[PDB]
Amino acid sequence: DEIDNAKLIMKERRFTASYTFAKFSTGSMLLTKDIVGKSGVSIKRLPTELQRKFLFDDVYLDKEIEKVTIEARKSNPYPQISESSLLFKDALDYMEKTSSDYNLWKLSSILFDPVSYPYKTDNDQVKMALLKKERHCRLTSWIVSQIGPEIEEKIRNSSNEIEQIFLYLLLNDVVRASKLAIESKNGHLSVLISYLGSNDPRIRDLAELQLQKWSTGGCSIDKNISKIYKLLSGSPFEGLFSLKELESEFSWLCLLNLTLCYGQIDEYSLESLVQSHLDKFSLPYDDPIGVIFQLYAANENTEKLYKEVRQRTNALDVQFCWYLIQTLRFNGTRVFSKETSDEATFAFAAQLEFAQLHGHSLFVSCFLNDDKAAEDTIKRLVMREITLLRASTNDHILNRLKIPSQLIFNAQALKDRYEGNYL
Amino acid sequence: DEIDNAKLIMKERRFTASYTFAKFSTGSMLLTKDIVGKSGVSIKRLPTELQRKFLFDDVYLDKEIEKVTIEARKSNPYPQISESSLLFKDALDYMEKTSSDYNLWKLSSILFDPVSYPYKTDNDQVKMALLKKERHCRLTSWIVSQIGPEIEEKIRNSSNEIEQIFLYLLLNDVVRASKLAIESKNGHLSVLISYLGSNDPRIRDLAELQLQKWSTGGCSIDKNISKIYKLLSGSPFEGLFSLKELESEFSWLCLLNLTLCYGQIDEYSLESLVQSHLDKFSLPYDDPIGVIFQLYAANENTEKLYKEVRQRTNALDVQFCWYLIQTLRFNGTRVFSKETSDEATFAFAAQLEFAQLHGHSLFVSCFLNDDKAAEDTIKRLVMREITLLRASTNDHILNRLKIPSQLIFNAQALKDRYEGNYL
Amino acid sequence: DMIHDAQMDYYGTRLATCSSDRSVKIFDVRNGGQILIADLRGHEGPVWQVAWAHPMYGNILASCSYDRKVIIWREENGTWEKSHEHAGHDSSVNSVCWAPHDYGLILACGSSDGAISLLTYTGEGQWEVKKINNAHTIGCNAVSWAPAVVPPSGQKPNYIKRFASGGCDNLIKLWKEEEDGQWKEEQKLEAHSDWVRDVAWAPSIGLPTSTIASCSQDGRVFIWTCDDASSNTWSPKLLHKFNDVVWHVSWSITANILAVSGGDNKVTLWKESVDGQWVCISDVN
Amino acid sequence: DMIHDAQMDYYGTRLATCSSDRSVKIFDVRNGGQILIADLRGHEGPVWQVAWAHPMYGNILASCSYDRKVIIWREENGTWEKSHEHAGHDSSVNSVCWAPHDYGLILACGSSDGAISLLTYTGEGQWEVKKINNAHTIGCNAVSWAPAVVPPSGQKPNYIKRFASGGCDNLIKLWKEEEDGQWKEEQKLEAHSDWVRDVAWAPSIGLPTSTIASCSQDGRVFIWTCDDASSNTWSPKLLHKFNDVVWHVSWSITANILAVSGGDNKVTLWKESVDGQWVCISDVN
């Protein structure tokens, strides 16, 4: 007598017994129906796929804040970042030297963080050339450590001293590569190896001109003695006796180090140099250290590539992307569009919300260009999580972020007011 | 020492530890990977959502086969249906009188199954008029049973006898509607009610002409005495005192019965008549008996509506659709396109394949016009399931379906041959 | 037995609910644990949707129902009594929603008779009701408010005050409060082949590219978009189609993730890719 | 530990399998119960895909592998020995497939070096190998045969003998047996933004509207429909995109249901609606 209406209405309403439902809520939690609730309201929560430990310790957020200068925007009292001396370097301390992160980070910190020479020198053509180089070593010197285990060990495997030498070169170790040369009664090499570090056409030609001759009948010598002269020719990969063959067992990074050390075609941009390597060789698909290079390599097209890249790969950590754009934007390092920046600032500031990290979330919100949006978010974020942003989060985050005296009092008053009746 | 290749190759192959897989097989079963198999090959099978019990009993398939005439096609020995005396009626026996199916089926069997005199009188003006009517009663007589509980019971509720009468009319029960009229000292009605069944303009006008007058300062009149005269006017729903108001508590079908009994507005075709009702009233959503009417109603546009209809509703059962097209195609009853027929023959013959009931599949397969396709399927179906189509399925299905002597021997030989080595 | 709609309170403290047993239960979730607090009974028919007003007006919660009546329950010290009721529609009332807190305390209700009432609040226990007859052909199911958007003087701006709404005619009509006083249908949106089930006006992340989502009996989910402010252009884009009906759709606040409820008792999440195509991020339950 | 591909025998009697442990296991399934029958070991590297030849040639099964070699195992009274082997490619061999039984007993193999061998069988233990170098840029992953289609004399027709094939260059190149004797790339299909994973040539239900499905790293599944009014016009249509890669794709025989393997360890089924948009019929597992 009571089931026919449930049937009538269930039916007069196109309602299958399959009817389910779910709705997100203010705090960002969703309420699925499961039968697991006193009233069947599975209040599951939203996952912050944002995984990087240090984000959960006051110190980082707190300390990284002194790294900035806040100032109310031109169209309202809502704070926005004026100046930020933020470098990849900063982050290194909070990470561990064995993780790929430390690498990705340490790398960027090298490719982008600004080289800063100590003693001021009158001559500028010089200063510009030093930093030019400081950045050079810094990077090769790194890859030397990344290919250290790789090559070092691959050396224990030889009964061919000449091959042994070519290997020491591969580690940019001329000193030991030379010592070996003399000690094996293969001195003439110790000579070339001497020149290797410089740029002398005499040699260059002497090398190549020889190479050409070596292809006529008389081929009585080691692939190693050849490979070595090749390192003198200049371009070793696009050569008459190319090294493109090494892609077999060497790390693409082992090779790259070559093009950056012996693969000088003419004196010009490193960025463009790196880029030259990428052309002859393709890099590991989902590799973060890889991608980061393309970004460095594609100089002016920076933002364009980024956009292009992110559209195909889930290899760059939201927080990274953001920290990138930001460190690059406040150092002149590169060319980044307001639309794209804020586009990725939301991204991050969101994960931080999902996480219940309102201070970190809020803070990252300040790099918002769009004054309307900034205000828009901030008012929202604060109006809902005031209690959480009060008494112990460090006791003042909001005054630290130059947030509006009024907004605080307003949203504050509102909850005290809310709790007021509940009690 | 052995895990680094799994890692290298897993990686040198863009293979996430997420790699899964699944492939359908000849029998139509899919092999998912689950860890539930000795070798992790969950050989799950494909569901034949084709719910209708009788399909699993030899008798039906067997008996329904004598209902046909098979004949090899014009371009090969592959059998195709020449003649099929198949009617919805046939199916009724194997179903149960309480299910909506029996209705849907019983209904169609009325709207489409041929009507027929049982004695040879040939005034085509007469015979054509009889069948015209036989089909008429047959249908109203049905709806009378569908609205029986509905109205009958709704009558126990009335203190008003006049309203009681109007109700008896609604069931096309004049005899009792009249008796009541006289017994309540409301005789004049018993007179009109007398005329109601016929078509006399005198009355018709007498009614309407009165109705018009009743709208001028003459109240205290039963809505029932009015509603009744309305039933005389001719068109009751498109009237000067319309009954369109009844959509409130009456089954749309209750109304329809009206337009088919008192709404003979014009003396034409039934199909078009039914169609007239549909125009003033919206139909029940997801309703199979409903849809079937639109199909009957939209005469020449038959196939067009069908296409139109199937695109919005899962109310019409694959097997039905098929049986429809087929019973309609072999009786001249309607207009159906080869492309659309075969289009739906595959549909059905497929479900029958997932169920494994090949006997049915092969048979429905003969309802294929495209001689290439027919041959194409048949050769396939048989080549794979010969053993199953042999010794006990009734012992001859294949000879019964005028299938090729060669195909049998060929596919047969092939498996004996296959089993040959397996042993 | 089976609940229909249940929505968390602002400040995430309570959790009102309602099921076909005509009972509006308000639970409380402190720490993740559910704890009833009152069972507001009062509808002659199952309750459909339910919505919490903005804490700025104290603690209010309204629930509509198949009883053709809508109830507003205030709260005064634990005193969960109803301060007002409204039965301005003849057929059931499929949905309710509150206007962005700045417009004031306005409540929108779409019935099944094809109408739409709008309870505005006054100084005391008074409520005017500007109504919209024959808004949809066969009735209305969804009602969503357009995000409060602000347009040299001492004034709180006059907003565009719009609010969309789907129904049984398949049309998702948008609406607007004409400067004089009554709402008019700014535009229709016919992309659905059957009943529109729900229509949700995504919140603007300050961003001007206002969006709106809809799901219907046909089993398709469209995310209608407007390319710029003031251009009457709503270009629908297909999210996905399931062989079964979709019952509800909601927007996650920051990312604009769509929670798609419907089909196989399953609920899905979607985020629009850097490519423009929408994807399923995961399967709930 | 983890299997890769496993395919049921014709006549649904056996079930060959292979996993990364370099073992090609043939299990029997009579009544639904799995029962091993032999563990054909012989690959220096994990086995990738595996295919059963047509019973018309006895009982044959071929398996390719990362060992750059492909093996063909015959059967003579339980004698599961290999009658032939072929290491004509330098890099691993991602896939194999047999040509429709009418063309004869031809086997197609796509390597990772970017080539494609084609073992045709002769009278005895002999196998000619018409090969295709640099077919795809970075290698090949999929190889599928186009359904055997028949074109006044005593002759078994000369078929169009086509067979598609995806690879690491993102192109799904179709191919054709030139009247003289070698294959040429009739056409390229560039719709994928990353590696094409698998490519399956749907079987023609006698119907001339030949289709083909593909899935790739980008996580999209396309259905290249084609009305070859004598000219190659393959118009791709998007099935769906998941945020994760799709590993395999197969066609169900009658309905043309697509089994979509990939994404979240889940497998999906699809059928193109009476409307033209493809839908997910269900979730496996």
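Residue numbers in this text run from 1 along the chain shown.
According to its header, the structure was obtained by X-ray crystallography, 3.0 Å.
Keep in mind that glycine also has a Cβ here, set from the backbone N, Cα and C atoms.
For the repeat 'WD 2' (D:42-83), the residues of the chain that approach it from at least six positions outside its boundaries are 4-11, 14, 16-24, 26, 89-98, 101, 105, 107, 109, 111, 117, 119, 121, 125, judged by C-beta separation under 8 angstroms. Residues or ranges marked as repeat 'WD 2' in Swiss-Prot: D:42-83.
Here Swiss-Prot flags D:88-131 as repeat 'WD 3'. Distant neighbours of the repeat 'WD 3' (D:88-131): 45, 48-54, 56-57, 60, 62-70, 72, 137-145, 147-148, 156, 159, 161, 163, 165, 167-168, 175, 181-183; these residues of the same chain sit at least 6 beyond its ends, with a Cβ under 8 Å from one of its Cβ atoms.
The Cβ of D:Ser165 (phosphoserine) lies under 8 Å from the Cβ of D:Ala108, D:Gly110, D:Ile116, D:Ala135, D:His136, D:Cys140, D:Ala142, D:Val143, D:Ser144, D:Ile172, D:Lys173, D:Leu174, D:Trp175, D:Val199, each of which sits 6+ residues away along the same chain. Annotation comment: Swiss-Prot describes D:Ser165 as phosphoserine.
Sequence annotations record features per position, and here Swiss-Prot assigns repeat 'WD 5' to D:191-234. In terms of DSSP secondary structure, the repeat 'WD 5' (D:191-234) contains 0 helix, 16 strand, 28 coil.
Taking DSSP states H, G and I as helix and E and B as strand, the repeat 'WD 6' (D:241-280) has 0 helix, 21 strand, 19 coil. Here Swiss-Prot flags D:241-280 as repeat 'WD 6'.
Secondary structure by DSSP for the repeat 'WD 3' (D:88-131): 0 helix, 17 strand, 27 coil. Taking DSSP states H, G and I as helix and E and B as strand, the repeat 'WD 2' (D:42-83) has 3 helix, 17 strand, 22 coil.
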